[PDB]
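**Student:** First to last, the sequence lines map onto chains A and B. Quick note on our numbering: the first sequence kicks off at 72 and runs consecutively. Quick note on our numbering: the second sequence kicks off at 1417 and runs consecutively.
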Amino acid sequence: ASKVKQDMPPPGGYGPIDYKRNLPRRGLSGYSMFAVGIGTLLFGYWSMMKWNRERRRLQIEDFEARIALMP
Amino acid sequence: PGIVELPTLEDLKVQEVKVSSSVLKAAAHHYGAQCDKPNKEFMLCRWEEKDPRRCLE
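#1: Inspect the beta-carbon positions of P1423/B and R1469/B and report whether they are closer than 8 Å.
#2: Alpha carbon to alpha carbon, what distance is there between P142/A and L1440/B?
#3: So, helix, strand or coil for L113/A, using DSSP?
#4: Just the Cα atoms here: how many angstroms apart are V1430/B and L1472/B?
#5: From residue 1416/B to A1443/B, what distance separates their C-alpha atoms?
#6: Check whether the Cβ of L1472/B lies closer than 8 Å to any Cβ atom in chain A.
#7: Taking Cβ to Cβ, would you say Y1447/B is nearer than 8 Å to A106/A?
#8: Closer than 8 Å, Cβ to any Cβ of chain A: which residues of the region 1427–1445 of chain B, in chain order?
#9: Along the region 101–129 of chain A, where does the CB come closer than 7 Å to a CB of chain B? Name the residues.
Set out below in structure tokens:
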């Protein structure tokens, strides 16, 4: 005496189902990354130049200590 | 071919310097500043005679 009951889609329909590709760009420009790399290299070069000059001075100092002790 | 002449053990005696290498390294700069003259005389004798037996004094 009841209505016919069956597995049916809801009245109206279903919400949209996405199927198309989604691969967003999400990236910097090439110039930006190249510039960051070059700037990092230059900063490292300057730091290493200072440190190596100081190291050469220290080496000279301890070499002179050896020279003083040699006789 | 000849006899090698060597100084006697009494000749080789001296008041030794019994301080370690760290003490010497700590003092080295002032030591080379103050005791330059005998050290340089000894080194000149050494490099001109080419014989340790001629620069004991």
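For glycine and all other residues, C-beta sits at the position ideal for the given N, C-alpha and C.
**Tutor:** Quick look at the numbers:
#1: yes
#2: 12 Å
#3: helix
#4: 10 Å
#5: Only positions 1417 to 1473 of chain B appear in this structure, which leaves residue 1416/B out of reach.
#6: no
#7: no
#8: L1440, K1441, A1444, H1445
#9: none
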